[PDB]
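Worksheet: the structure to be examined is printed underneath.
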Amino acid sequence: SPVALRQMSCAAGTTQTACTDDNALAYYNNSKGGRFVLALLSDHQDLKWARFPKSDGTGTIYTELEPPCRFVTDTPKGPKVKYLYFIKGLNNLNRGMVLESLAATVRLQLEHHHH
Amino acid sequence: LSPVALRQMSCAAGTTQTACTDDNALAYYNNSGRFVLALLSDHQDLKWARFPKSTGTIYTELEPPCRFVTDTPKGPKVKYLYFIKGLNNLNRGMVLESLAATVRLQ
């Protein structure tokens with residue numbers, strides 16, 4: 001059942017060329033095929049591609065995003081408007097997963113280490 | 001009904017409404033009132049669960065259970081996941097994600 005969602009920074013943009021670097025936060029799990037990206041969380045409202053380098057290091061990958069959902073969140077600095085991007089074709093089951101994970105941060109391991 | 005980190009509450013379930021008597025199950029719910037999405041339990045015969053309303057009490061039917069293993073502070077354990085009758089996939093996705101992130105390695 002551990003289809004637990006992990007997160008990491010990634011490159012995103014309005015065009016494949018426009019992708020540059022840590023421009024967003026990507027939600028993914030390991031559904032066999034290495035890393036499977038489900039959604040992007042960013043401050044930018046017109047992103048259309050999430051970019052990740054291939055596993056074997058032989059090229060790169062660009063995944064398509066659906067138009068984002070705009071939403072507010074509270075923070076120490078105050079309210080903040082964020083954009084949630086589900087990848088194209090993502091089903092409601094996976095959308096729900098992203099949501100719960102977004103609702104409360106929880107470490108997936110016990111050892112002193114990133115999430 | 002909007003998004004919010006799921007919460008859990010102990011509740012009584014049974015194979016019949018009459019059977020629901022003592023707390024023997026954990027119920028995931030959304031409070032965006034309490035909307036119960038699913039039940040986690042050690043028994044596999046469960047078919048009903050009651051929730052003493054926020055006046056009266058509520059009985060909600062359950063769908064067939066799903067077996068699954070879980071680490072705990074005292075060794076692994078087997079358990080059963082029950083979804084409320086007719087739950088949509090978006091909500092099930094929220095439950096499955098909570099369960100999935102419920103493990104302990106090394």
Side-chain angles (χ1 to χ4, degrees), chain A residues 1-10 24-41 50 52-56 61 63 65-66 84-115, chain B residues 3-11 13 25-30 35-44 46 62-84 87-106:
Chain A
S1 203
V3 289
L5 272 41
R6 300 189 176 68
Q7 36 189 285
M8 64 173 166
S9 56
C10 68
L25 189 289
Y27 283 101
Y28 73 86
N29 65 35
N30 299 76
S31 302
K32 293 179 179 179
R35 274 173 163 56
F36 171 47
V37 182
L38 285 72
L40 294 207
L41 178 55
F52 310 80
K54 287 172 61 182
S55 314
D56 53 13
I61 306 183
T63 309
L65 309 170
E66 302 198 321
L84 172 62
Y85 299 79
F86 288 129
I87 59 169
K88 205 197 72 172
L90 195 296
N91 63 32
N92 295 319
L93 204 60
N94 291 322
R95 286 153 190 264
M97 295 191 65
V98 168
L99 286 169
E100 165 67 8
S101 185
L102 192 71
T105 300
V106 309
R107 310 224 314 155
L108 287 184
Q109 42 174 230
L110 298 162
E111 283 190 60
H112 172 296
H113 173 289
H114 296 300
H115 221 298
Chain B
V4 68
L6 299 185
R7 277 178 173 185
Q8 298 70 41
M9 77 186 277
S10 291
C11 70
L26 191 280
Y28 291 91
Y29 69 84
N30 171 318
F35 172 61
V36 177
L37 296 70
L39 299 186
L40 193 184
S41 176
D42 291 344
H43 309 296
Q44 66 175 298
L46 301 190
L62 301 176
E63 292 183 355
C66 313
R67 182 174 168 297
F68 81 100
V69 172
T70 59
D71 283 353
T72 73
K74 195 61 181 300
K77 299 297 173 185
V78 171
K79 282 145 169 49
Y80 304 77
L81 178 72
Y82 301 80
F83 277 122
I84 284 307
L87 192 67
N88 64 45
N89 294 134
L90 200 49
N91 284 311
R92 292 153 187 272
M94 291 203 281
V95 170
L96 294 174
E97 222 293 306
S98 180
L99 257 195
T102 302
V103 179
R104 328 192 73 170
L105 293 181
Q106 289 182 296

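Chain letters run A, B, ... following the sequence lines, proteins first and then strands; every chain starts at 1.
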| Going through the checks in order, is the side-chain contact (heavy atoms from CB on, under 4.5 Å) test met by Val4(B) and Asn30(B)? | CA-CA 7 Å; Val4(B) 68; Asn30(B) 171 318; 3.8 Å; yes
| message | If I compare all heavy atoms of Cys11(B) with all of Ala27(B), which pair ends up nearest, and what's the gap? | response |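 That would be SG-CB, 3.8 Å.
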| field | Considering all heavy atoms, the nearest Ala13(B)-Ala25(B) contact | value |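 Smallest interatomic distance, heavy atoms only, reads CB-CB, 4.4 Å.
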Taking the side chain as everything from C-beta on, heavy atoms only, tell me whether [X] gets closer than 4.5 Å to [Y].
| X | Y | value |
| --- | --- | --- |
| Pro73(B) | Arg104(B) | yes |
| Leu90(B) | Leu93(A) | no |
| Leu39(B) | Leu26(B) | no |

side-chain hydrogen bond (donor to acceptor under 3.5 Å, both in side chains) involving [X] - partner list, sequence neighbours excluded:
| X | result |
| --- | --- |
| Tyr80(B) | none |
| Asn30(A) | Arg6(A) |
| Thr63(A) | none |
| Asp71(B) | none |

| query | Between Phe68(B) and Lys77(B), does a side-chain contact (heavy atoms from CB on, under 4.5 Å) hold up when you go through it step by step? | reply | CA-CA 9 Å; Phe68(B) 81 100; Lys77(B) 299 297 173 185; over 6 Å; no
Could you pull out every donor-acceptor pair under 3.5 Å between side chains of residues 92-99 of chain B and any protein atom, sequence neighbours left out?
| unit_1 | atom_1 | unit_2 | atom_2 | d |
| --- | --- | --- | --- | --- |
| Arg92(B) | NE | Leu87(B) | O | 2.8 |
| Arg92(B) | NH2 | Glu63(B) | OE1 | 3.2 |
| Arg92(B) | NH2 | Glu63(B) | OE2 | 3.1 |
| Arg92(B) | NH2 | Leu87(B) | O | 3.1 |
| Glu97(B) | OE2 | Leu5(A) | N | 3.0 |

| request: Might you work through the side-chain contact (heavy atoms from CB on, under 4.5 Å) test for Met9(B) and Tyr29(B), ending with a clear yes or no? | output: CA-CA 8 Å; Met9(B) 77 186 277; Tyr29(B) 69 84; 3.7 Å; yes
Can you measure from [atom1] ([X]) to [atom2] ([Y]) and round to the nearest 0.5 angstrom?
| X | Y | atom1 | atom2 | result |
| --- | --- | --- | --- | --- |
| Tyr27(A) | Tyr85(A) | OH | OH | 14.5 Å |
| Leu38(A) | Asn94(A) | CG | CG | 4.5 Å |
| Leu62(B) | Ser41(B) | CG | OG | 9.5 Å |
| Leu46(B) | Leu81(B) | CG | CG | 11.5 Å |

List the atom pairs, with distances to 0.1 Å, where a side-chain N or O of residues 108-115 of chain A and a protein N or O form a donor-acceptor pair under 3.5 Å, not counting sequence neighbours.
| unit_1 | atom_1 | unit_2 | atom_2 | d |
| --- | --- | --- | --- | --- |
| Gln109(A) | OE1 | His113(A) | ND1 | 2.7 |
| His115(A) | ND1 | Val106(A) | O | 3.2 |

